[PDB]
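S.K.: Shown below is the structure under consideration.
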């Protein structure tokens with residue numbers, strides 16, 4: 001679940017730090033631009049993930065309540081449909 | 001009607017008596033369906049009442 | 001309320017580092033990586049705190065998260081579904097009441113015994 005993404009992000013950060021710190025004396029302008037674009041994309045993804053986490057934490061109990069209500073409504077609708085089908089088949 | 005299953009129809013077996021029995025069974029089935037839809041679907045007396053009405057009609 | 005303040009500070013620091021490193025950065029750009037790691041750790045801690053309750057996480061949550069939007073659209077859809085379910089329940093109750101009225105009328109017009117039973121004995 002979250003462990004897979006955490007390990008992937010850690011490996012990516014380690015590889016980026018190793019590529020940017022060890023071989024810094026062998027980087028060109030286009031390489032720096034590509035690294036800046038990758039960092040901007042990573043920052044946008046992190047901002048989106050933080051916004052999603054905030055939206056999930058501000059309505060954590062509300063999400064569970066809405067899920068329970070939706071499940072109860074779906075169960076009631078399924079029971080009603082089954083009763084109607086049984087009545088139609090019997091009549 | 002008095003042997004094999006629940007005894008509901010009397011020994012008269014009149015057309016009017018059979019119609020009244022079918023109407024009472026339909027009313028009981030409707031009440032059970034309303035109770036199941038209103039309170040909880042944990043009641044299965046509707047199907048049993050329908051099967052009993054079908055057996056009485058047969 | 002210290003986790004949200006720290007997350008906001010880390011986000012502001014990352015934004016400032018991105019705006020300052022818009023030029024050709026010759027020095028080691030470690031501040032942006034540190035801010036990103038701190039934000040990832042804070043998000044992981046928040047996810048672990050939310051999962052500590054051990055709720056039944058369905059597949060729709062991950063799908064809506066990967067979709068790139070918030071769960072507010074799902075909340076509006078659930079509210080609309082609840083309104084539609086209430087309307088359908090009201091219609092079904094009206095149909096059941098009409099069927100009961102028709103059955104009572106047929107009983108009164110066919111056999112008064114069942115009508116008297118339902119009206120006084122029940």
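Values in this text are rule-based calculations from the coordinates and carry no lab data. In this analysis, Cβ positions are derived from the backbone assuming ideal geometry, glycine residues included, and neighbour counts consider all displayed protein chains.
S.K.: Please compute the volume of the convex hull spanned by the alpha-carbon atoms of chain C and report it per residue in Å³. Let's see the in-between values first.
M.R.: On the way: hull volume 24.0 nm³, N = 122.
Spread over its residues, the Cα hull of chain C gives 197 Å³ apiece.
S.K.: Which of these, C:80, C:60, C:106, has the largest mean-square fluctuation under a Gaussian network model of chain C (Cα springs below 10 Å)?
M.R.: C:106
S.K.: Given an 8 Å cut-off on Cα distances and at least 6 residues of separation, report the relative contact order of chain B as a percent.
M.R.: On the way: 35 pairs, mean separation 19.9, N = 58.
The normalised contact order for chain B reaches 34 percent.
S.K.: For the stretch A:1-44, what is one quarter of the convex hull surface built on the Cα atoms, given in nm²? The partial results should precede the final answer.
M.R.: Details: hull surface 13.4 nm².
In nm², the orientation-averaged hull projection of the stretch A:1-44 is 3.3.
S.K.: Output needed for chain A: three equivalent-ellipsoid semi-axes, defined as square roots of 5 times the C-alpha gyration tensor eigenvalues, in descending order, whole Å.
M.R.: Working: eigenvalues 577, 45, 29 Å².
Each semi-axis is the square root of five times an eigenvalue, giving 54, 15, 12 Å.
S.K.: Give me the log10 of I(q) over I(0) for the protein assembly as shown at q = 0.09, 0.14, 0.16 Å⁻¹, as the Debye formula computes it from C-alpha points; what are the numbers?
M.R.: -0.65, -1.02, -1.19
S.K.: Restricting things to Cα coordinates, could you compute the convex hull volume per residue of chain B in Å³?
M.R.: Working: hull volume 3.7 nm³, N = 58.
For chain B, the hull spanned by Cα atoms encloses 65 Å³ per residue.
S.K.: To the nearest 0.05, how large is the calculated FRET efficiency for residue C:4 and residue C:48 if R₀ is 22 Å and r is the Cβ-Cβ distance?
M.R.: Numbers: r = 16 Å, r/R0 = 0.71.
That gives a FRET efficiency of 0.90.
S.K.: To the nearest 10 degrees, how steeply does helix C:2-20 sit against the main Cα axis of chain C, on a 0 to 90 scale?
M.R.: Roughly 50 degrees between the two axes.
S.K.: In deg cm²/dmol, rounded to 500, what helix-only [θ] at 222 nm does the protein assembly as shown give when every DSSP H run of at least 4 residues adds -39500 (n - 2.57) and the total is split over its residues?
M.R.: Details: 10 runs with 212 residues, N = 271.
It lands at -27000 deg cm²/dmol.
S.K.: Any chance you could give the angle, 0 to 90 degrees and rounded to 10, that helix B:15-38 forms with the longest Cα principal axis of chain B?
M.R.: 10 degrees
S.K.: Additional query: For chain A, find the longest principal axis of its Cα atoms and tell me its angle to the long axis of helix A:2-21, 0 to 90°, nearest 10.
M.R.: So the helix axis and the longest Cα principal axis differ by about 10 degrees.
S.K.: Could you work out how far apart the two model spin labels at residue B:48 and residue C:82 are, taking each label as a point 7 Å from the Cα in the direction of the beta carbon, and quote it in nm?
M.R.: 3.6 nm
S.K.: Residue by residue through C:88-95, how many Cβ atoms from other chains fall within 10 Å of the Cβ on average?
M.R.: 2
S.K.: Once the cut-off is 16 Å, how many percent of the Cα-Cα pairs in the stretch A:20-69 end up in the long-distance tail? Mind showing how you got there, number by number?
M.R.: Details: 754 of 1225 pairs.
More than 16 Å apart: 62 percent of the Cα pairs in the stretch A:20-69.
S.K.: Please report the spacing between the Cα centers of the stretch B:1-24 and the stretch A:1-75 in Å, no decimals.
M.R.: 72 Å
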